[PDB]
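For reference, the chain that follows is the form solved without the named molecule, supplied as structure tokens.
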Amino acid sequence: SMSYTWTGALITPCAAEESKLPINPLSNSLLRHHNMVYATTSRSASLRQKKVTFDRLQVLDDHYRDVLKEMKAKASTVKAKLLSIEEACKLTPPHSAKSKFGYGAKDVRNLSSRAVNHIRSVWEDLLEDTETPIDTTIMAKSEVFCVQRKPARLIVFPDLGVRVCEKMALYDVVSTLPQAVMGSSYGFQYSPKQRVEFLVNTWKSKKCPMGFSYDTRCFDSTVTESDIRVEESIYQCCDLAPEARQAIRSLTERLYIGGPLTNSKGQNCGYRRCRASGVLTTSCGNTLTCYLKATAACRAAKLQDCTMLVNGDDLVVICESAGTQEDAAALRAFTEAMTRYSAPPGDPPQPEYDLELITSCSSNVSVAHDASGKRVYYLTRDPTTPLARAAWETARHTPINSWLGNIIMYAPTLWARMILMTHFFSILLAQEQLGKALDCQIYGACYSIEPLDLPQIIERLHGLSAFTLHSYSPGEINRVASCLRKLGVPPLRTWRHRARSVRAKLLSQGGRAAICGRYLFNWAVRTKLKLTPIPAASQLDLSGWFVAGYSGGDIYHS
């Protein structure tokens, strides 16, 4: 069946669409080549539609069924709970898209009559109606990139009331199930530090390691009605409340397998027969599905001792090498099996024999040394996208601050410390907004974070070594340097100068600002101050942080 079918109507915006980076004084300080930074618009929707629209031919086999049974036996041990309206309401972002039924995210959050009554009425319709397709809105996403142009991403999502009903029935499932089914292979149970720990141990545990990253072209579109039903069958293995069991059953047929696409004008856009990106089960469902297809493809291909790390469609395999000629063949056999399971490659996979050469979750493993000269492993990535997005956030007030998430997640990196910390700490201080909370996403979930809380947050996630790292690899230094030239970002010596300036100002303020100068900017000065465990880091409530993925699940923690 076709992934999509269209009516001819256009994917429309609900407002004016900015695509060009503004010539702004503050963003210009970070990036000069403004014409190389763009945001995607609905003007590219058609190129994405051509790329995502195709017919799927799936052929499941003995290896696929064996693994599915192994996965169900593990799912059998889970006892999932049904969240109340109030608990489900509390997990709604304050700026989540309002309902088409005269209420919004703030009404949901405050548990207002119009909101609570409508959610209850949607819940009963899921218990009573097991057939009628649920309506979704199709929108082109607005994301920022650097040139060399990408076409817009298509986002599919149901109404507010429905989204609160998915939380009541599925939130605890998507939170505890993947870890019970997959174990150490579920990448969302880890922080960045724990992620390096697992990749290094897995690599070092093999006698002769071989690794590869497998890229699926338009994974959401490769997902069939069969894959979605097989997914519900893993969910049914949970101990469930009668109403939750019915809601999962109804949501699977009416929403998860396919449904009507409606544009912002209210016109009919077409029909979806694959994965909606704006649902609660997108993260969990894609992880399980990618893990099932890959695990069975390893057996079919005769690849030895497979250890895998899955985060939705992002998959990395670390196995036992059988030699060059053997490895090449087995990797093609793996691809052959994935194509049959309806997961063909975007860019063909390559056998790697050095961990640092593999890219998984846009990241790669790299080495730097601590204050005591000992080797420290950390996750990095190419800084182009994070820098182009930080420039946009400087000129325009965005709902989610990617720059803040990049600081937290990539805190030990050369680029987050020197550029991202310096740029924002200068601007915020000059505006008296260092203690003003900001929204960011960690693993799809929304968090309200004060920039001044960063030293404690980094010490917990990355240890004190995040504030002492030096002697970065030549490769890492070359990548940072060539990117700065490309985007027209000032050299590292200008950043070192700018850092010295903020550090002083932060130190004279005292309180939490002095903690920021001492820890975050100790790299910028030769007379290094004494760095000890911050009292506040000991009692940080970092639960809920690295548990599960919630991309498109409309989730708000804190």
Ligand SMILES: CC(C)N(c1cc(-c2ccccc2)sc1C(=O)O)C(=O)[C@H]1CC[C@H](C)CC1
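Quick note: we count residues from 1 along the sequence shown, nothing fancier.
Asks: Scan the PDB entry between residue 325 and residue 326 and report the missing deposited residues as one of none, 1 to 3, 4 to 9, 10 or more.
Replies: The entry has no unmodelled residues between residue 325 and residue 326.
Asks: Of 206-214 and 71-79, which one has the bigger average CA B-factor?
Replies: That would be 206-214.
Asks: Which of the two stretches, 295-303 or 379-387, shows the higher mean Cα temperature factor in the record?
Replies: Between 379-387 and 295-303, it is 295-303 that shows the higher mean C-alpha B-factor.
Asks: Per the PDB entry, which option out of 457, 241, 284, 89 has the greatest Cα B factor?
Replies: Of the candidates given, the C-alpha B-factor peaks at 89.
Asks: Which one of 183, 351, 312, 158 shows the top CA temperature factor in the record?
Replies: Each of 183, 351, 312, 158 was compared by C-alpha B-factor; the highest is 351.
Asks: Would you mind checking where the Cα B-factor of residue 370 ranks among the modelled residues of its chain, as the lowest, middle or highest third?
Replies: Its C-alpha B-factor belongs to the highest third of this chain's values.
Asks: Ordered by C-alpha B-factor within the chain, which third holds residue 395? Give me lowest, middle or highest, please.
Replies: Its C-alpha B-factor, which the entry lists for residue 395, ranks in the highest third among residues of this chain.
Asks: Which third of the chain does residue 101 land in by C-alpha B-factor: lowest, middle or highest?
Replies: It falls in the top third of the chain.
Asks: Comparing residue 95 with the other modelled residues of its chain, is its CA B-factor in the lowest, middle or highest third?
Replies: CA B-factor rank for residue 95: highest third.
Asks: Where does residue 60 sit by CA temperature factor within its chain: lowest, middle or highest third?
Replies: Highest third, going by the recorded CA B-factors of the chain.
Here the subject shifts to the form deposited with the named molecule bound, a form of this protein not shown in this document.
Asks: Taking the named molecule in the deposited complex and overlaying it onto this form via the surrounding C-alphas, would you call the pocket open or blocked, using 3+ ligand atoms within 2.4 Å of backbone or C-beta atoms as the cut?
Replies: Check passed, pocket reads open.
Asks: Only one of these stretches, 53-61, 506-514, 529-537, 492-500, has heavy atoms within 4.5 Å of the named molecule in the deposited complex; which one is it?
Replies: Looking at the partner contacts, the answer comes out as 492-500.
Asks: Counting only non-hydrogen atoms and a 4.5 Å threshold, tell me whether 414, 418 and 470 all contact the named molecule in the deposited complex.
Replies: Every residue of the spot touches the named molecule in the deposited complex.
Asks: Pick from 484, 257, 434, 85: which has a non-hydrogen atom within 4.5 Å of the named molecule in the deposited complex?
Replies: So the residue touching the named molecule in the deposited complex, by this definition, is 484.
Asks: Only one of 80, 330, 248, 480 comes within 4.5 Å of the named molecule in the deposited complex by heavy atoms, so just point that one out.
Replies: Of the listed residues, the single hit is 480.
Asks: Please determine whether residue 519 contacts the named molecule in the deposited complex, using a 4.5 Å cut-off between heavy atoms.
Replies: Residue 519: no contact with the named molecule in the deposited complex.
Asks: Counting only heavy atoms, which residues in 516-533 are within 4.5 Å of the named molecule in the deposited complex?
Replies: Only 523 sits within 4.5 Å of the partner.
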